[PDB]
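Right, one structure below, let's go through it.
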Amino acid sequence: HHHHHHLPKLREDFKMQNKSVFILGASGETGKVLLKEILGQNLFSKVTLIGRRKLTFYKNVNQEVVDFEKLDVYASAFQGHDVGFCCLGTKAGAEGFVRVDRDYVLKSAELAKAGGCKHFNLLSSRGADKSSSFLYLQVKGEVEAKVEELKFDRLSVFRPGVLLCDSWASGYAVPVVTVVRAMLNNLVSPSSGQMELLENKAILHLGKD
C-alpha cells in the first residue's frame with residue numbers, strides 16, 4: 001500500500017511494463033526536469049513531446065509539432081500513450097493565460113482520453129478554486145474539475161506552491177526537482193483511487209531525495 005524505500009523496486013516493476021509517455025510543456029521549468037528525469041530513470045519504452053515547436057538538444061524522443069488552435073487536426077499525436085504529463089503553463093496577459101492554461105490544457109486532456117491515455121498527470125497549483133476571484137486560481141480550479149470529468153482510469157493532480165529552481169513551510173514552496181520526483185514516485189506506486197490530489201506538503205514528502 002504505502003511502501004517505504006522500496007521505490008527502486010517499484011521503478012523496476014514499472015520499467016518491465018514497457019510503457020509510453022507524452023509530455024506537454026517540456027520546454028517549461030518543470031517540464032524540462034521531468035523530461036531529464038524520465039530519461040535518466042529510463043522508466044518508459046517511448047517518450048513523446050507534444051508542443052508547438054521542435055525542441056533541440058536525448059536523441060531517441062518523438063516530438064509531435066502541433067497547432068493548438070487546431071488540435072483535432074493533430075489528435076493522432078495523442079494516440080497510443082499509456083501515461084500523460086501536462087506541464088503546460090504561461091507572461092502572456094489575461095486572455096493568453098486563459099488560452100493556454102485553460103483551453104489548450106483541456107483540449108489536450110480531451111484528446112489524451114480519446115487516445116486511450118490511462119494515467120493523466122496534471123500540474124496544477126496550490127489554491128486552485130474555480131470560484132476564485134484570482135484568474136490564476138480560477139483557471140486551475142476550472143481545469144482540474146473538467147479534467148476530472150474526463151474520467152481517466154487514473155488522474156493525478158499536483159498543487160505545488162512556489163516552484164523553486166499545518167506549518168507555513170509545508171505549504172509554501174517546493175523545489176522543481178522535488179515536484180518531478182513526487183510525480184514519478186507517485187507514478188510507480190499503487191493508485192490511491194481514480195483521482196489523486198497532492199498538495200505541497202504531500203509533494204515535499206513523496207519527492208524527498
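Order determines the names: the first chain of the C-alpha cells is A, the second B, and so forth; residues in each chain are numbered 1 upward, and ligands are numbered 1 upward as they are shown.
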Q | Residues within 8 Å of region 145-151 of chain A, only C-alpha atoms, excluding chain neighbours under 6 positions, as a PyMOL selection string | A | chain A and resi 106+109-110+113+194-195
Q. Just asking: which residues within region 51-201 of chain A are alpha helix (DSSP H) according to DSSP, as JSON, numbers by chain?
A. {"A": [94, 95, 96, 97, 105, 106, 107, 108, 109, 110, 111, 112, 113, 114, 135, 136, 137, 138, 139, 140, 141, 142, 143, 144, 145, 146, 147, 148, 149, 168, 169, 170, 171, 172, 176, 177, 178, 179, 180, 181, 182, 183, 184, 185, 186, 187, 200, 201]}
Do you have, as a tab-separated table, the list of residues of region 113-208 of chain A lying at most 8 Å from region 32-49 of chain A, each with its nearest atom pair and that distance in Å to one decimal, counting only C-alpha atoms and ordered by chain then number?
residue	atom	partner	partner_atom	distance
A:176	CA	A:33	CA	7.5
A:177	CA	A:33	CA	6.5
A:180	CA	A:34	CA	5.4
A:184	CA	A:38	CA	7.9
(Q) Report as a VMD selection string all protein, DNA and RNA residues lying within 10 Å of region 166-170 of chain A, evaluated on only C-alpha atoms, omitting residues in the same chain fewer than 4 positions from it. (A) chain A and resid 161 174 199 to 205
Residues of the last selection are to be written out with N, CA, C and O atoms, as a PDB file, in the first residue's frame.
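Full text of out_19.pdb as output:
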ATOM      1  N   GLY A 161       3.141  24.747  -4.409  1.00  0.00           N
ATOM      2  CA  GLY A 161       3.202  26.159  -4.176  1.00  0.00           C
ATOM      3  C   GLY A 161       4.299  26.755  -5.048  1.00  0.00           C
ATOM      4  O   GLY A 161       4.499  26.354  -6.204  1.00  0.00           O
ATOM      5  N   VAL A 174       8.227  24.509  -3.081  1.00  0.00           N
ATOM      6  CA  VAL A 174       8.857  23.235  -3.306  1.00  0.00           C
ATOM      7  C   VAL A 174       9.897  23.324  -4.459  1.00  0.00           C
ATOM      8  O   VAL A 174       9.661  23.984  -5.487  1.00  0.00           O
ATOM      9  N   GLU A 199      -1.158  18.042  -2.452  1.00  0.00           N
ATOM     10  CA  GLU A 199      -0.834  19.380  -2.030  1.00  0.00           C
ATOM     11  C   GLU A 199       0.651  19.516  -1.769  1.00  0.00           C
ATOM     12  O   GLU A 199       1.334  18.519  -1.633  1.00  0.00           O
ATOM     13  N   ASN A 200       1.143  20.751  -1.650  1.00  0.00           N
ATOM     14  CA  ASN A 200       2.599  20.986  -1.418  1.00  0.00           C
ATOM     15  C   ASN A 200       3.225  20.057  -0.366  1.00  0.00           C
ATOM     16  O   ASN A 200       4.300  19.500  -0.581  1.00  0.00           O
ATOM     17  N   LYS A 201       2.546  19.886   0.763  1.00  0.00           N
ATOM     18  CA  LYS A 201       3.088  19.096   1.865  1.00  0.00           C
ATOM     19  C   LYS A 201       3.388  17.642   1.433  1.00  0.00           C
ATOM     20  O   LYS A 201       4.482  17.095   1.687  1.00  0.00           O
ATOM     21  N   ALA A 202       2.398  17.053   0.763  1.00  0.00           N
ATOM     22  CA  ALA A 202       2.481  15.704   0.247  1.00  0.00           C
ATOM     23  C   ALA A 202       3.549  15.557  -0.840  1.00  0.00           C
ATOM     24  O   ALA A 202       4.327  14.582  -0.842  1.00  0.00           O
ATOM     25  N   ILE A 203       3.594  16.515  -1.762  1.00  0.00           N
ATOM     26  CA  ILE A 203       4.686  16.581  -2.766  1.00  0.00           C
ATOM     27  C   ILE A 203       6.064  16.640  -2.044  1.00  0.00           C
ATOM     28  O   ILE A 203       7.009  15.951  -2.452  1.00  0.00           O
ATOM     29  N   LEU A 204       6.193  17.429  -0.970  1.00  0.00           N
ATOM     30  CA  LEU A 204       7.511  17.504  -0.283  1.00  0.00           C
ATOM     31  C   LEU A 204       7.930  16.155   0.260  1.00  0.00           C
ATOM     32  O   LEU A 204       9.092  15.770   0.130  1.00  0.00           O
ATOM     33  N   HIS A 205       6.977  15.463   0.897  1.00  0.00           N
ATOM     34  CA  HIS A 205       7.203  14.124   1.460  1.00  0.00           C
ATOM     35  C   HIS A 205       7.553  13.130   0.386  1.00  0.00           C
ATOM     36  O   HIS A 205       8.575  12.512   0.466  1.00  0.00           O
TER      37      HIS A 205
END
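Each of A:207, A:133, A:187, A:27 was compared to residue 11 (chain A) using only C-alpha atoms, and A:187 turns out to be the nearest.
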Q.
Could you pull out the strand (DSSP E) residues of region 56-166 of chain A, going by DSSP on the backbone, and write them as a PyMOL selection string?
A. chain A and resi 62-65+83-86+119-123+154-159+162-164
Let's have the selection written as a compact mmCIF listing (two decimals), in the first residue's frame, with C-alpha atoms.
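After the write, result19.txt holds the following:
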# COMPACT_ATOMS: atom_id res chain seq x y z
CA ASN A 62 9.46 11.55 -30.61
CA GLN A 63 8.34 15.15 -30.98
CA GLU A 64 4.90 15.95 -32.30
CA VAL A 65 4.78 19.52 -33.55
CA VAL A 83 0.73 7.91 -19.45
CA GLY A 84 0.48 11.64 -19.89
CA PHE A 85 2.07 14.62 -18.16
CA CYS A 86 0.66 18.11 -18.71
CA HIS A 119 -2.97 7.84 -16.37
CA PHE A 120 -3.09 11.60 -16.82
CA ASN A 121 -0.96 13.77 -14.58
CA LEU A 122 -1.90 17.47 -14.22
CA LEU A 123 0.44 20.08 -12.90
CA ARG A 154 -6.09 7.35 -13.01
CA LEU A 155 -5.74 11.10 -12.64
CA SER A 156 -3.02 12.65 -10.53
CA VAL A 157 -3.34 16.39 -9.70
CA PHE A 158 -0.29 18.20 -8.25
CA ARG A 159 -0.76 21.53 -6.48
CA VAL A 162 6.09 28.37 -5.24
CA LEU A 163 8.33 26.45 -7.67
CA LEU A 164 11.96 26.67 -6.64
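A straight line drawn from CA of residue 99 (chain A) to CA of residue 181 (chain A) is 28.4 Å long.
Reported to one decimal place, the separation of CA of residue 160 (chain A) from CA of residue 125 (chain A) is 5.2 Å.
Candidate residues A:118, A:52, A:91, A:6 were compared for distance to residue 104 (chain A), and the nearest is A:52, using only C-alpha atoms.
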